[PDB]
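Below is the file work15.txt, which contains compact mmCIF, C-alpha atoms and all ligand atoms.
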```txt
# COMPACT_ATOMS: atom_id res chain seq x y z
CA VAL A 1 103.66 56.85 4.57
CA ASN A 2 107.08 55.56 5.84
CA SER A 3 108.63 52.24 7.15
CA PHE A 4 108.88 53.19 10.88
CA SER A 5 106.79 50.74 13.03
CA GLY A 6 105.61 50.61 16.68
CA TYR A 7 106.25 54.30 17.52
CA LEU A 8 104.09 56.32 19.91
CA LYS A 9 103.14 59.70 18.38
CA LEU A 10 104.03 62.61 20.73
CA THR A 11 103.28 65.53 18.39
CA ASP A 12 102.51 66.35 14.74
CA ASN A 13 106.17 65.53 13.87
CA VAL A 14 107.83 63.65 16.79
CA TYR A 15 107.53 59.91 17.41
CA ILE A 16 109.20 57.74 20.10
CA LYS A 17 109.93 54.03 20.63
CA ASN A 18 111.84 51.81 23.12
CA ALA A 19 114.54 50.40 20.82
CA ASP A 20 118.31 50.13 20.34
CA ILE A 21 119.11 52.64 17.51
CA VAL A 22 121.58 50.07 15.94
CA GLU A 23 118.79 47.34 15.45
CA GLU A 24 116.26 49.93 14.28
CA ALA A 25 118.65 51.33 11.63
CA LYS A 26 119.50 47.80 10.40
CA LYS A 27 115.74 47.03 9.99
CA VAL A 28 114.51 50.37 8.47
CA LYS A 29 117.63 51.55 6.53
CA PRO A 30 116.41 55.12 6.98
CA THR A 31 117.64 57.96 4.73
CA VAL A 32 119.24 59.55 7.85
CA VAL A 33 120.39 58.07 11.16
CA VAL A 34 121.66 60.60 13.72
CA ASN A 35 124.82 59.84 15.69
CA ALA A 36 125.44 61.28 19.16
CA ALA A 37 128.86 62.52 18.11
CA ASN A 38 131.65 64.48 19.81
CA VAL A 39 133.65 67.24 18.07
CA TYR A 40 136.52 64.81 17.28
CA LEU A 41 134.15 62.15 15.82
CA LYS A 42 135.80 59.66 18.21
CA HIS A 43 133.07 57.00 18.37
CA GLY A 44 134.70 55.23 21.38
CA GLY A 45 131.68 54.25 23.43
CA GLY A 46 128.02 55.26 23.85
CA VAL A 47 125.59 55.73 20.89
CA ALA A 48 128.60 56.53 18.63
CA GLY A 49 130.52 53.41 19.76
CA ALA A 50 127.42 51.22 19.25
CA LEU A 51 126.78 52.64 15.70
CA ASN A 52 130.47 52.50 14.83
CA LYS A 53 130.79 48.87 16.05
CA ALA A 54 127.82 47.92 13.81
CA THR A 55 129.76 49.36 10.79
CA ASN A 56 132.82 47.20 11.64
CA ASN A 57 134.76 50.47 12.36
CA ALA A 58 134.14 51.85 8.82
CA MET A 59 132.36 54.87 10.42
CA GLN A 60 135.54 55.63 12.45
CA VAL A 61 137.82 55.26 9.40
CA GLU A 62 135.65 57.69 7.39
CA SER A 63 135.43 60.05 10.39
CA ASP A 64 139.21 60.16 10.90
CA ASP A 65 139.66 61.22 7.25
CA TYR A 66 136.91 63.91 7.74
CA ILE A 67 138.69 65.35 10.80
CA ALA A 68 142.13 65.23 9.16
CA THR A 69 140.70 67.37 6.30
CA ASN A 70 138.25 69.70 8.14
CA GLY A 71 139.25 69.79 11.81
CA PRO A 72 136.83 69.31 14.69
CA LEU A 73 133.10 70.09 14.64
CA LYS A 74 131.59 72.79 16.89
CA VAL A 75 129.52 71.85 19.94
CA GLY A 76 125.97 72.29 18.56
CA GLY A 77 127.17 71.51 15.01
CA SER A 78 126.99 68.57 12.65
CA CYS A 79 128.28 66.95 9.49
CA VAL A 80 126.75 64.53 7.02
CA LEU A 81 128.78 61.36 6.30
CA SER A 82 127.96 57.92 5.01
CA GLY A 83 125.40 55.72 6.77
CA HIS A 84 127.41 52.63 5.82
CA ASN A 85 125.30 49.48 6.34
CA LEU A 86 122.86 51.30 8.67
CA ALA A 87 121.32 54.15 6.61
CA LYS A 88 121.91 56.19 3.45
CA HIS A 89 123.51 58.99 5.50
CA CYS A 90 124.67 59.53 9.09
CA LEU A 91 124.10 63.00 10.50
CA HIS A 92 126.79 63.32 13.20
CA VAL A 93 125.39 65.88 15.69
CA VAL A 94 127.32 67.23 18.69
CA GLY A 95 125.13 67.94 21.66
CA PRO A 96 126.76 69.54 24.72
CA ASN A 97 128.42 67.06 27.09
CA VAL A 98 127.47 68.05 30.68
CA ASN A 99 130.30 65.70 31.97
CA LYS A 100 132.74 68.16 30.14
CA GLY A 101 130.98 71.39 31.39
CA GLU A 102 129.40 72.50 28.01
CA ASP A 103 126.51 75.06 27.84
CA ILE A 104 123.15 73.18 27.86
CA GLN A 105 121.68 76.15 25.80
CA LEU A 106 123.70 74.58 22.93
CA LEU A 107 121.24 71.66 22.93
CA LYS A 108 118.71 73.75 20.94
CA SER A 109 121.42 74.60 18.34
CA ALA A 110 122.27 70.85 18.12
CA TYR A 111 118.62 69.90 17.40
CA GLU A 112 118.32 72.67 14.76
CA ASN A 113 120.57 70.50 12.53
CA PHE A 114 117.70 68.00 12.26
CA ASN A 115 115.59 70.61 10.39
CA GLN A 116 117.85 70.19 7.31
CA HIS A 117 116.46 66.65 6.84
CA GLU A 118 112.82 65.75 6.14
CA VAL A 119 112.87 62.45 8.10
CA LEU A 120 115.40 61.12 10.66
CA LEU A 121 115.96 58.21 13.03
CA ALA A 122 117.68 59.70 16.12
CA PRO A 123 118.63 59.32 19.78
CA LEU A 124 117.89 61.97 22.37
CA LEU A 125 120.79 64.44 22.10
CA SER A 126 123.00 64.95 25.14
CA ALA A 127 121.32 61.98 26.95
CA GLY A 128 123.12 58.88 28.22
CA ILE A 129 126.86 59.39 28.78
CA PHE A 130 126.58 63.07 27.68
CA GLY A 131 125.01 63.74 31.08
CA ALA A 132 121.91 65.86 30.30
CA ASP A 133 118.41 65.17 31.66
CA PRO A 134 116.66 63.13 28.90
CA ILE A 135 113.27 64.69 29.85
CA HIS A 136 114.79 68.09 29.04
CA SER A 137 116.32 66.75 25.81
CA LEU A 138 112.89 65.49 24.66
CA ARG A 139 111.28 68.88 25.45
CA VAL A 140 113.96 70.75 23.43
CA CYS A 141 113.54 68.24 20.58
CA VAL A 142 109.75 68.80 20.42
CA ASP A 143 110.12 72.56 20.64
CA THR A 144 112.96 72.79 18.03
CA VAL A 145 112.63 70.08 15.39
CA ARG A 146 109.94 70.73 12.76
CA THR A 147 110.85 67.79 10.44
CA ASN A 148 109.74 64.24 11.14
CA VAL A 149 111.86 62.63 13.85
CA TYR A 150 111.66 59.02 15.05
CA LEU A 151 113.37 58.81 18.47
CA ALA A 152 114.86 55.50 19.66
CA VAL A 153 115.15 55.31 23.50
CA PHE A 154 117.51 52.46 24.61
CA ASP A 155 116.34 52.21 28.27
CA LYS A 156 112.84 50.65 28.70
CA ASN A 157 112.65 52.27 32.13
CA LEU A 158 113.59 55.68 30.68
CA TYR A 159 111.22 55.27 27.72
CA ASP A 160 108.28 54.73 30.09
CA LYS A 161 109.30 57.73 32.19
CA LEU A 162 109.64 59.98 29.05
CA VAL A 163 106.14 58.99 27.83
CA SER A 164 104.44 59.24 31.27
CA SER A 165 105.94 62.69 32.00
CA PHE A 166 105.45 64.17 28.47
CA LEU A 167 103.41 67.38 28.42
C1 LIG A 201 124.79 48.98 22.69
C2 LIG A 201 124.42 50.45 22.87
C3 LIG A 201 123.34 51.02 22.21
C4 LIG A 201 123.07 52.37 22.45
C5 LIG A 201 121.91 53.11 21.79
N1 LIG A 201 123.88 53.01 23.25
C6 LIG A 201 124.89 52.45 23.84
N2 LIG A 201 125.72 53.25 24.73
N3 LIG A 201 125.16 51.18 23.66
```
Re-express the file's structure as structure tokens.
Ligand SMILES: Cc1cc(C)nc(N)n1
Amino acid sequence: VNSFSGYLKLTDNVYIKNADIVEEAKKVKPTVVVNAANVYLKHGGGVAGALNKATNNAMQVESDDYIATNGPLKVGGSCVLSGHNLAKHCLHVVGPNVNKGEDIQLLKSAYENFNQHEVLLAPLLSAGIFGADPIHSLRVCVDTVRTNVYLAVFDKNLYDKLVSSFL
């Protein structure tokens, strides 16, 4: 049993809810929250900006030190950093950004990072301002992630479309 509440079950291991990932993290304090990161860990706007704002910019400070030491992530890659006030850990995962021309086949590689963690609270990778089709992102998630993933969908309209169209 875990603390996640109000989710619709899509598969054996994938659950979904209409919720802002910042309010859900604050309530649950999951072991892992996933950030929709870029390779520079610049959490300017989007999911990353919303999570970073909720940490009072401490996520950005920690991320700048990570990049100064290690250099940029790969598209499709990830790193584990602190979850600050939101979670034990934040798994920063880089899905391909369609608005930068990145290979959508890298979305499967991005979701494979989730398999290193038994339970996660996550957004749909490459959705929102990363430009991918969220219906596609949910299909890749279900077909790639084998660990238990609790997806937070920010848009009520999009949530209802993801559920209604789910095969
Ligand atoms: C305030 C907010 C929350 C989420 C999940 N994303 C964005 N872009 N902004």
- Message: Which residues are near ligand LIG 201 (chain A) in this structure, taking near to mean any atom at most 9 Å from a ligand atom and counting only C-alpha atoms and all ligand atoms? Format them as a ChimeraX atom specification.
- Response: /A:19-23,45-51,53,123,128-129,152-155
- Counting all atoms listed in the file, the residue of A:5, A:148, A:165, A:85 that sits nearest residue A:119: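 Looking only at the distances to residue A:119, the closest residue turns out to be A:148.
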- For stretch 98-102 of chain A, please output as a PyMOL selection string all residues within 9 Å (counting only C-alpha atoms; exclusion window: fewer than 3 positions along the same chain). chain A and resi 75+95+105-106+126+129-132
- Name the closest residue to residue A:55 among the candidates A:3, A:82, A:116, A:69; distances are taken between atoms, counting only C-alpha atoms. A:82
- Query: Could you state the separation of atom CA of residue A:143 and atom CA of residue A:37 in Å, given to one decimal place?
  - Reply: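 Distance between the two atoms: 21.4 Å.
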- Query: Which of these residues is nearest to residue A:146, using all atoms listed in the file: A:120, A:162, A:125, A:68?
  - Reply: A:120
- Query: Which is closest to residue A:65 among A:135, A:81, A:93, A:16, if we use all atoms listed in the file?
  - Reply: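 Looking at the shortest contact to residue A:65, the residue is A:81.
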- Have a look at atom CA of residue A:74 and atom CA of residue A:39 and let me know their distance in Å, one decimal.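 Going from atom CA of residue A:74 over to atom CA of residue A:39, I get 6.0 Å.
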- With only C-alpha atoms as the atoms that count, which of A:25, A:94, A:18, A:87 lies nearest to residue A:42?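 Ranking A:25, A:94, A:18, A:87 by distance to residue A:42, first place goes to A:94.
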- Of the residues A:151, A:136, A:158, A:79, which is the one nearest to residue A:66, using all atoms listed in the file?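 Looking at the shortest contact to residue A:66, the residue is A:79.
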Residues near residue A:7, anyone? I mean within 8 Å using only C-alpha atoms, not counting same-chain ones fewer than 2 positions away, as a JSON list (two decimals) with C-alpha atoms, in the coordinates of the input.
```
[["chain", "number", "residue", "atom", "x", "y", "z"],
["A", 4, "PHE", "CA", 108.88, 53.19, 10.88],
["A", 5, "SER", "CA", 106.79, 50.74, 13.03],
["A", 9, "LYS", "CA", 103.14, 59.70, 18.38],
["A", 15, "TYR", "CA", 107.53, 59.91, 17.41],
["A", 16, "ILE", "CA", 109.20, 57.74, 20.10],
["A", 17, "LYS", "CA", 109.93, 54.03, 20.63],
["A", 150, "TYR", "CA", 111.66, 59.02, 15.05]]
```
- One decimal, Å: what's the distance from atom CA of residue A:52 over to atom CA of residue A:38, could you say?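 Taking atom CA of residue A:52 as the start and atom CA of residue A:38 as the end point, the length is 13.0 Å.
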Give me the box for stretch 36-55 of chain A as AutoDock Vina command-line options, namely the centre and edge lengths in Å to one decimal of a box along x, y and z that holds every listed atom plus 8 Å on each side.
```
--center_x 131.0 --center_y 57.6 --center_z 17.3 --size_x 27.1 --size_y 35.3 --size_z 29.1
```
Missing atoms in stretch 118-134 of chain A should be modelled up to N, CA and C atoms and reported as a PDB file, in the frame of the given file.
```
ATOM      1  N   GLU A 118     114.293  65.891   6.041  1.00  0.00           N
ATOM      2  CA  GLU A 118     112.820  65.750   6.140  1.00  0.00           C
ATOM      3  C   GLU A 118     112.404  64.662   7.140  1.00  0.00           C
ATOM      4  N   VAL A 119     113.163  63.587   7.199  1.00  0.00           N
ATOM      5  CA  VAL A 119     112.870  62.450   8.100  1.00  0.00           C
ATOM      6  C   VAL A 119     114.181  61.951   8.709  1.00  0.00           C
ATOM      7  N   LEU A 120     114.176  61.628   9.985  1.00  0.00           N
ATOM      8  CA  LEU A 120     115.400  61.120  10.660  1.00  0.00           C
ATOM      9  C   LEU A 120     115.040  60.078  11.694  1.00  0.00           C
ATOM     10  N   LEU A 121     115.907  59.108  11.867  1.00  0.00           N
ATOM     11  CA  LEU A 121     115.960  58.210  13.030  1.00  0.00           C
ATOM     12  C   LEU A 121     117.022  58.770  13.960  1.00  0.00           C
ATOM     13  N   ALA A 122     116.736  58.976  15.225  1.00  0.00           N
ATOM     14  CA  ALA A 122     117.680  59.700  16.120  1.00  0.00           C
ATOM     15  C   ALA A 122     117.589  59.209  17.539  1.00  0.00           C
ATOM     16  N   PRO A 123     118.672  59.422  18.325  1.00  0.00           N
ATOM     17  CA  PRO A 123     118.630  59.320  19.780  1.00  0.00           C
ATOM     18  C   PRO A 123     118.315  60.681  20.369  1.00  0.00           C
ATOM     19  N   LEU A 124     117.992  60.715  21.642  1.00  0.00           N
ATOM     20  CA  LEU A 124     117.890  61.970  22.370  1.00  0.00           C
ATOM     21  C   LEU A 124     119.271  62.595  22.560  1.00  0.00           C
ATOM     22  N   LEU A 125     119.485  63.790  22.027  1.00  0.00           N
ATOM     23  CA  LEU A 125     120.790  64.440  22.100  1.00  0.00           C
ATOM     24  C   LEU A 125     121.122  64.754  23.548  1.00  0.00           C
ATOM     25  N   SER A 126     122.404  64.637  23.842  1.00  0.00           N
ATOM     26  CA  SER A 126     123.000  64.950  25.140  1.00  0.00           C
ATOM     27  C   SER A 126     122.497  64.018  26.248  1.00  0.00           C
ATOM     28  N   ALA A 127     121.745  62.976  25.950  1.00  0.00           N
ATOM     29  CA  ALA A 127     121.320  61.980  26.950  1.00  0.00           C
ATOM     30  C   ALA A 127     122.430  60.941  27.119  1.00  0.00           C
ATOM     31  N   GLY A 128     122.144  59.952  27.960  1.00  0.00           N
ATOM     32  CA  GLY A 128     123.120  58.880  28.220  1.00  0.00           C
ATOM     33  C   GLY A 128     124.388  59.458  28.781  1.00  0.00           C
ATOM     34  N   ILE A 129     125.524  59.003  28.255  1.00  0.00           N
ATOM     35  CA  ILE A 129     126.860  59.390  28.780  1.00  0.00           C
ATOM     36  C   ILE A 129     127.181  60.859  28.539  1.00  0.00           C
ATOM     37  N   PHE A 130     126.357  61.619  27.784  1.00  0.00           N
ATOM     38  CA  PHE A 130     126.580  63.070  27.680  1.00  0.00           C
ATOM     39  C   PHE A 130     125.997  63.813  28.875  1.00  0.00           C
ATOM     40  N   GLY A 131     125.256  63.152  29.749  1.00  0.00           N
ATOM     41  CA  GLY A 131     125.010  63.740  31.080  1.00  0.00           C
ATOM     42  C   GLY A 131     123.803  64.633  31.216  1.00  0.00           C
ATOM     43  N   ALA A 132     123.088  64.985  30.165  1.00  0.00           N
ATOM     44  CA  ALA A 132     121.910  65.860  30.300  1.00  0.00           C
ATOM     45  C   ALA A 132     120.715  65.053  30.796  1.00  0.00           C
ATOM     46  N   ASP A 133     119.720  65.760  31.283  1.00  0.00           N
ATOM     47  CA  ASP A 133     118.410  65.170  31.660  1.00  0.00           C
ATOM     48  C   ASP A 133     117.641  64.793  30.395  1.00  0.00           C
ATOM     49  N   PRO A 134     117.366  63.516  30.126  1.00  0.00           N
ATOM     50  CA  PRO A 134     116.660  63.130  28.900  1.00  0.00           C
ATOM     51  C   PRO A 134     115.257  63.740  28.770  1.00  0.00           C
TER      52      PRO A 134
END
```
